[PDB]
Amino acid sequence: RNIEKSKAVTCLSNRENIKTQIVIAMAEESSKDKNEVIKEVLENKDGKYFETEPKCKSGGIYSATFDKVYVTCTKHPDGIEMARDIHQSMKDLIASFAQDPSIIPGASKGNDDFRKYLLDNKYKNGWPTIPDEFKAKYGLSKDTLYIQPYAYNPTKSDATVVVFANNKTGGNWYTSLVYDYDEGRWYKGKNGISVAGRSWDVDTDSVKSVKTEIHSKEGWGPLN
């Protein structure tokens, strides 16, 4: 129904509001336990944070963590969490390879082979996808948008990981949606950029890192 989709959109906005209030609350009492800060925001202690305790209309239960602040709902999978999880799985795999080349089977130890490992061993139903409510809110495509990693130089000491989303499950490194892992934000532009063949965040004289580019290219900006 339009009811269920609305519940999903509403919950997303809830989680973003929870995130902002937690962030503000932590900056307020900088020297007090963060889990306790999170608990009071979630429960709307003394009506201080919201008009009422945030509740998911689909009956989900909210959680929030501190690394940067992230919020989840047990009934509404969140695209930022999915991106973070993908980013960390690739980072773990890169660290594992650094101790043991054989963790990737076969002769080829490239980005596609690291991704294949992730698909075979963890994401067995394929890459996770950007939730419809996030797409509706932020003006993204009806197309299924696959949240997925690109590993730059995964066998080397300057390995980096970028998570992005496009309508392909592989073989296309151009994207208009890039997840900036450092900011907790998706970036969107209308002209796609390639995430391949260059570092997430180390610029050279002639080749700007993906991160530099998403923050400086024209038509590019933050979404959430």
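Sequential numbering from 1, following the sequence displayed.
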- Item | Residues of the deposited sequence left unbuilt between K68 and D67 | 10 or more
- Note on the structure: The stretch carrying the higher mean Cα B factor in the deposited entry, 150-158 or 75-83, is 150-158
- Task: Name the higher of the two by mean Cα B-factor in the PDB entry, 127-135 versus 98-106.
- Result: 98-106
- For the listed residues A196, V178, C56, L42, which one has the largest C-alpha B-factor as given in the deposited model? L42
- Within this chain's modelled residues, let me know which third the CA B factor of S63 belongs to: lowest, middle or highest. lowest
- Task: Could you tell me which third, lowest, middle or highest, the C-alpha B-factor of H215 occupies within its chain?
- Result: highest
- Which third of the chain does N191 land in by C-alpha B-factor: lowest, middle or highest? highest
- Message: Where does the C-alpha B-factor of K142 rank in its chain, lowest, middle or highest third?
- Response: highest
- Task: Among all modelled residues of this chain, ranked by Cα B factor, put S206 in the bottom, middle or top third, i.e. lowest, middle or highest.
- Result: highest
